[PDB]
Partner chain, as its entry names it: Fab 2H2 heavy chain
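Below you'll find only one chain, the form deposited without the partner chain, shown as structure tokens.
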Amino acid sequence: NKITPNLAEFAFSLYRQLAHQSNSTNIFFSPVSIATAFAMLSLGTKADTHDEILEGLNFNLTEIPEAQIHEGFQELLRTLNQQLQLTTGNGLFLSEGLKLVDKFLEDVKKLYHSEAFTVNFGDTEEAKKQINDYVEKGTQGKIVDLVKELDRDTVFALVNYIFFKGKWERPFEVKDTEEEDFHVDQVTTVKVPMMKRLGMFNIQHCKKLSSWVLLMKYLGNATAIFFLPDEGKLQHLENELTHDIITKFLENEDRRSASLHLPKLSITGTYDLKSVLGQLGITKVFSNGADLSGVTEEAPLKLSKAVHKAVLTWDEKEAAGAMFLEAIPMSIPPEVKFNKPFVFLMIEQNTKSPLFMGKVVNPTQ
């Protein structure tokens, strides 16, 4: 877990950038999927192009050897590819006229368990369908029309996708789910199905964050951390985000009773990694002065296209399992309603790594 702290800081760097450009749109991305994708691309990069990518991923190249970086990602992908669905993959698409280096192809297939392909970019409309078909077939139809524009001069494209529909270890009762108002702001109200169960949760009010912190667990040894900011404290919560937040309450075995109002969510996020990671300091690999000599030996190459799409869905529970033995509330429990915008994190317990991070301003987006 040597690379775990780097991913956490990279996630908060990525989130603070996305929240900076838009304060009224949903945010949802996978820090692990993006970092694994561009670390794989680093194996075909050299000199400053290689160093920019790793430095932009919050890796201190003077303190962590390059092998440990790539080895840490391989161990992380091994844990993911074992129970949780987590249908993820990265596709490298290159012009059929380029002589791809075999060492890069071997490392992509072996180290990162990823696939490369050759496609004719002369037909923009045809290539877009072909790329969107491999993603659609890979996701079993979960992700469609991932690519919506291919330039006529495209010669190299990267697509990163991830899908997660998780089942709660402690489920919800569909009969108790009710439609309630979600207040996106002072003037906007959306009617959303609100999952509601009274019971005991790993829920607590953190004065440092000025937010309610709820941790509910998914089957697959992955835990979801929900942050409900207090009134006017959303920015304060974002300011005070640090890796200690992830680990602070994951170890808590204590439970407190509360009436929970959590809306059903189906959230998607599509980002142009070229623009976003360009704001984080990764620019050379996208420019004409790139060093992708580890991919093609004899021709100038640059990464023309880089897209990331993350899709997540959670419901009340599928098929019914067994009841969870419950401690009946002996008193009036506090009511924690997620009727206002909130921040959430998905953490893989074994690696303590961020799978998904996002902010929900409208459940119906």
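Positions refer to the first chain, counted from 1.
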Deposited but uncoordinated residues in the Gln82/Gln83 interval: 1 to 3
Count class of coordinate-free deposited residues lying between the neighbours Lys317 and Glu318: 1 to 3
Of 287-295 and 211-219, the stretch whose C-alpha atoms average the higher B-factor in the entry: 287-295
Mean temperature factor over C-alpha atoms, higher-scoring stretch between 71-79 and 278-286: 71-79
Top residue by Cα temperature factor, when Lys137, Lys191, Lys233, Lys165 are compared in the entry: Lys137
Given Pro31, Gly56, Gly321, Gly44, the residue at which the Cα B factor reaches its maximum: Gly321
Chain-relative CA temperature factor third for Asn6: middle
CA B-factor placement of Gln17, once the chain's modelled residues are sorted into thirds: lowest
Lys128, C-alpha B-factor rank within chain (lowest, middle or highest third): middle
Third of chain Cα B-factors occupied by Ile203: middle
Ranked against its chain, the third holding the CA B-factor of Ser114: highest
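The discussion below concerns the form deposited with the partner chain bound, not included here.
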Proximity of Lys264 to the partner chain in the bound PDB entry, heavy atoms at 4.5 Å: yes
Partner contact for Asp244 in the bound PDB entry: the partner chain, 4.5 angstroms, heavy atom: no
Distance check, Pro193 to the partner chain in the bound PDB entry, heavy atom within 4.5 Å: yes
Non-hydrogen atom contact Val174 with the partner chain in the bound PDB entry at 4.5 angstroms: yes
